[PDB]
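[1] Quick one, structure for this:
(5 chains)
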Amino acid sequence: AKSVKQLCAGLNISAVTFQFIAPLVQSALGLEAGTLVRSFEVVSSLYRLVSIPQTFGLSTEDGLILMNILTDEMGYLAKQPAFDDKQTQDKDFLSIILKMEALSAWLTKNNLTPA
Amino acid sequence: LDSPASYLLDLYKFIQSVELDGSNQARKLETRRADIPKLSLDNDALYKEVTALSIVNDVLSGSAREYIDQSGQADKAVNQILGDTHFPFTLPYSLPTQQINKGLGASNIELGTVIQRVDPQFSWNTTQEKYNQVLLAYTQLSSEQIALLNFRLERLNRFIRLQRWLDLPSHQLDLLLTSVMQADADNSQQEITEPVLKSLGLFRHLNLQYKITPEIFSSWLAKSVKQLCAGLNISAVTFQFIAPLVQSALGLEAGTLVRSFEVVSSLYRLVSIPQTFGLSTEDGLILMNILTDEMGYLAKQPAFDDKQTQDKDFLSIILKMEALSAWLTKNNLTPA
Amino acid sequence: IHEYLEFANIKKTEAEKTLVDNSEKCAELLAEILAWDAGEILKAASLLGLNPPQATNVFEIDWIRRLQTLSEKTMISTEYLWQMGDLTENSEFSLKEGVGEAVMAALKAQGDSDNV
Amino acid sequence: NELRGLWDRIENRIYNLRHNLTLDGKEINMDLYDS
Amino acid sequence: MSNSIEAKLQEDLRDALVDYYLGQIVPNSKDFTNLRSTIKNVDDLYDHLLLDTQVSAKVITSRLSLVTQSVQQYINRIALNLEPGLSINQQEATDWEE
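    Numbering: from 1, shown residues only, chains lettered A, B, ... in the order given. Shown next is the protein structure:
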């Protein structure tokens, strides 16, 4: 089975986080085993979700907090890069990384935590 | 103009016209060793062509793996058949899924197979089958292949030739096996079976933790000058406990002058085993009394055929001594 | 610790066992006192008679001390540490072939660097 | 005796060339430190 | 990573070599088996396959060097000994000078 590749994705961040990845593949169609097709619309969204929070030193559980707090949803992680939704000013992705930086500065200035 | 290609083609178009024919191998071999003037990609790749030894592996193995396909013997099996043969001294079970389970599991933080002693039970005062998991886990160095233990006789000597799973010289296995095979009362060649093999895990354990030697392990498994000179290892003032030891045979404080092997190997057990844990003889006697209500197979025989009927077996006792030595190092108590 | 143990002991036969002790929040406080994961501790439901289980008032905590320290020696799950038990008894081979590869991948995820 | 010294010398020198990175010294890896 | 290298060696040091040697030569082929007596050691595998087996675990180099080395060794080897049964004319036997 594809379970070796499903586990080997855990190289960047530990595969115990993939309890959050079955909620991600709902932007397409998939299941914890059934995601074996690894389609570019899904794996580029894994690439967004694994890359962008680590620039600010966040864990996946802290990045999911910022998206929930700022946007009431996944903040264009798991979804598409907003590029034609930005053409209609709908919560655009190019603003989200600025908000992540602005909060990372304020939450470095003060001894609080995302949790 | 000149290039790595003008150097190569000045060889290639030269070797093509070395035409002598018939039954001779030379072109037959060279074409069997197949590659061509346009092997792959293009000649400008050269800077990225920098590669390790890994380049060789598919040139050997990639033709070799076709044997089951060519002979028609198998097809759905992706590779693993090369782990399933013997007679050309083929070295089976060699697939990395066996070896990494020893080496890689040690290489990080030095845990090994000893993890089976940790869970899920509340204390090591527990039933015999648990120790039989852990001691076999300590033996491993290999896999379930250990179930294998003129040609009709040499195929029995192959059980010593197949020491290859262990970094042991040819003098070690006869020294290791003869004492336990003498302690076992059975007569026929079936004495090689797993009820003996369990003992090598205890050797491996005491070697890795405390650096014992196969000689000392296989050894422990008026005359007044000699009666005193035994006091070299630990002071002879302890021999108030040795007149109680010789009651496993027949003897007296002077009358033990015969120094028989059933007695002096029990002195060898009693002087060696507690000192691995830094115990004095008076502390070792406490552990045996507390754990077993008796001498815990010190002073008596090494339990080897009493272990065949699960009677307080000696191979569990050294594990209990270690488990208490850890707990009594963790806490500032003393044996006394 | 007292308020947790007193809650774990409430009326298993007449009320709480068939209501799964409200596992979604009673097993949470057992994680919270450790500042640890409320997730993988639910693997304890693989033993002790379809209870949470939690009313065995020390041994589960005593084991979880060693699971928490093992979980800091290595990044392996308690779910995989269970397979390392199941493989003992001359068991089915594909589970060993998979567990060896899974432990290898868990080391690559740390490498010669440190990572996670 | 010269044949036996000669063939063992070339066997040792092939082993060194087959490692390469020694030159019977230690060219590639040196002076590295940690902690 | 530095310890996974041990397994990427071991599969070619042993597995790929012994299963090739027994299986291909003795039962399987009409490839090597037409020449059954010619191979008995790794020195024969080296001479016959033109490849540096069992050695050089740390070395790095271009693929062109390995391709070159095989022909470079062969055009030496045919002039080094007259097995297989080919021969070299006195001009060609002069010009290995180049």
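[2] So which elements touch the helix or strand hosting residue C:26?
    Following DSSP states H and E, the helix or strand that holds residue C:26 is helix C:23-32. Counting contacts by 3 or more C-beta pairs under 8 Å, 6 or more residues apart in numbering or on different chains; DSSP states H and E, helix C:23-32 packs against helix C:2-8, helix C:59-73. Every C-beta, even on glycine, is put in place using the N, C-alpha and C of the backbone.
[3] for the ones you listed, which one ends up most surrounded?
    For these, average neighbour numbers computed from mean count of other C-beta atoms under 10 Å in any protein chain shown are highest in helix C:59-73, which has a mean of 15.
[4] Run the chain-centre distance for whichever helix or strand comes after that one.
    Once the chain leaves helix C:59-73, the next helix or strand it forms, by DSSP H and E, is helix C:78-86. Relative to the centre of its chain, helix C:78-86 is centred 10 Å away, using C-alpha atoms, centre = their mean, to the nearest Å.
[5] Helix C:78-86: which residues count as buried?
    C:78, C:81, C:84 (16 or more other C-beta atoms under 10 Å in any protein chain shown).
[6] and the angle from that helix to helix C:59-73?
    Going by axes from the mean of the first three to the mean of the last three C-alpha atoms, to 10 degrees, helix C:78-86 is angled at 100 degrees with respect to helix C:59-73.
[7] near chain B, anything from helix C:78-86?
    Yes: using C-beta under 8 Å from any C-beta of the partner chain, helix C:78-86 reaches chain B at C:81, C:84-85.
[8] residue contacts, the closest residue to residue E:28 other than its chain neighbours?
    Spatial nearest neighbour of residue E:28, chain neighbours left out: residue B:67 (4.5 Å); criterion: C-beta to C-beta, 6 or more residues apart in numbering or on different chains. By C-beta atoms under 8 Å, 6 or more residues apart in numbering or on different chains, the residues touching residue B:67 are B:73, E:19-20, E:23-24, E:27-28.
[9] Could I have the buried ones of the residues you listed as PyMOL selection syntax?
    Only the buried entries of these go into this PyMOL selection, using 16+ other C-beta under 10 Å:
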select buried, chain E and resi 19+20+23+24+28
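[10] Need the max-distance pair from the contacts of residue B:67.
    B:73 and E:20 (15.3 Å; C-beta to C-beta).
[11] Got phi/psi on residue C:48?
    In terms of degrees, to the nearest 10, the main-chain angles of residue C:48 are phi 60, psi 60.
[12] and if you look at residue E:62?
    The phi/psi pair for residue E:62 (degrees, to the nearest 10) reads phi -70, psi 140.
[13] how near is it to residue B:50?
    6 Å (C-beta to C-beta, to the nearest Å).
[14] most centrally placed residue in chain C?
    Nearest residue to the geometric centre of chain C (C-alpha atoms, centre = their mean): residue C:41, 3.6 Å.
[15] isn't it right next to residue C:29, touching?
    No: if you go by C-beta atoms under 8 Å, residue C:41 and residue C:29 don't touch, sitting 11.0 Å apart.
[16] so the closest residue to chain A within chain E, which of the three states?
    Residue nearest to chain A within chain E: residue E:1 (10.9 Å; C-beta to the nearest C-beta). At residue E:1 the chain is in coil, as set by DSSP: H, G, I helix; E, B strand; the rest coil.
[17] show me what contacts it?
    Residues near residue E:1 by C-beta under 8 Å, 6+ apart: C:107-108, C:111-112.
[18] if I look at it, how far off is residue C:110?
    Distance, residue E:1 to residue C:110, by C-beta to C-beta: 8 Å.
[19] swap in residue D:34?
    16 Å.
[20] likewise residue A:70?
    From residue A:70 to residue C:110 the distance is 32 Å (C-beta to C-beta).
[21] got it, and residue E:14?
    Note on residue E:14: its distance to residue C:110, by C-beta to C-beta, is 28 Å.
[22] Endpoint to endpoint, stretch C:29-48 covers what distance?
    End-to-end span of stretch C:29-48 (C-alpha to C-alpha, to the nearest Å): 19 Å.
[23] buried residues in that stretch?
    Applying 16+ other C-beta under 10 Å to stretch C:29-48 flags C:29-31, C:40-41, C:44 as buried.
[24] Please list the residues of chain C that sit near chain E.
    Within chain C, the positions near chain E by C-beta under 8 Å from any C-beta are C:104, C:107-108, C:111-112.
[25] which residues does the residue nearest to the centre of chain C contact?
    By C-beta under 8 Å, 6+ apart, the residues touching residue C:41 are C:27, C:30-31, C:64, C:78.
[26] give me that answer again for 10 Å
    C:27-28, C:30-31, C:34, C:52, C:54, C:60, C:64, C:67-68, C:78 (C-beta atoms under 10 Å, 6 or more residues apart in numbering or on different chains).
[27] Convert the helix or strand encompassing residue E:17 to PDB, retaining C-alpha atoms only.
    In this structure, residue E:17 is located in helix E:16-23 according to DSSP H and E. The C-alpha trace of helix E:16-23 is given here as PDB (Å, rounded to 0.1, in the frame of the first residue of the first chain):
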ATOM      1  CA  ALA E  16      22.900  -8.000  -5.300                       C
ATOM      2  CA  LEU E  17      26.200 -10.000  -5.800                       C
ATOM      3  CA  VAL E  18      25.600 -13.500  -4.300                       C
ATOM      4  CA  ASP E  19      22.000 -13.900  -5.800                       C
ATOM      5  CA  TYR E  20      23.500 -12.800  -9.200                       C
ATOM      6  CA  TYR E  21      26.400 -15.100  -8.900                       C
ATOM      7  CA  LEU E  22      24.600 -18.300  -8.100                       C
ATOM      8  CA  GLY E  23      21.200 -17.700  -9.800                       C
END
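[28] could you check the angle helix E:16-23 makes with the helix or strand following that helix?
    Later in the chain than helix E:16-23, the nearest helix or strand by DSSP H and E is helix E:42-49. Compare the direction of helix E:42-49 with that of helix E:16-23 by the same axes, to 10 degrees and you get 90 degrees.
[29] Residue D:27 - how many residues pack around it?
    Residue D:27 sits with 10 neighbouring residues when counted by other C-beta atoms under 10 Å in any protein chain shown.
[30] if you count residues, which helix in chain A comes out on top?
    Taking DSSP state H as the criterion, chain A has its longest helix at helix A:93-109.
[31] Residue B:335 versus the residue minimising distance to the centre of chain A, what's the distance?
    What sits nearest the mean C-alpha location of chain A, by C-alpha atoms, centre = their mean, is residue A:49, with 2.7 Å. Residue A:49 sits 57 Å away from residue B:335, taking C-beta to C-beta as the criterion.
[32] same thing with residue C:41?
    37 Å.
[33] How about residue C:53?
    Look at residue C:53 and residue B:335: by C-beta to C-beta, they are 37 Å apart.
[34] same deal with residue A:107?
    Taking C-beta to C-beta, one finds residue A:107 at 54 Å from residue B:335.
[35] now swap in residue C:25 and tell me
    46 Å.
[36] still on that earlier bit, go back to the contacts of residue E:1 and keep what's next to chain A.
    For chain A, the contacts drawn from the contacts of residue E:1 by C-beta under 10 Å from any C-beta of the partner chain are C:108, C:111.
[37] Dump the contacts of residue E:1 into CSV; add neighbour count as well.
    Converted to CSV, the contacts of residue E:1 look like this (neighbours: other C-beta atoms under 10 Å in any protein chain shown):
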residue, neighbour count
C:107, 19
C:108, 15
C:111, 13
C:112, 9
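[38] Is the residue of chain C found nearest chain D in a helix, a strand, or coil?
    Chain C approaches chain D most closely through residue C:112 (11.7 Å), counting by C-beta to the nearest C-beta. Using three-state DSSP, the three-state assignment for residue C:112 comes out as coil.
[39] helix or strand for residue E:92, which one?
    Assigned by DSSP H and E, residue E:92 falls within no helix or strand.
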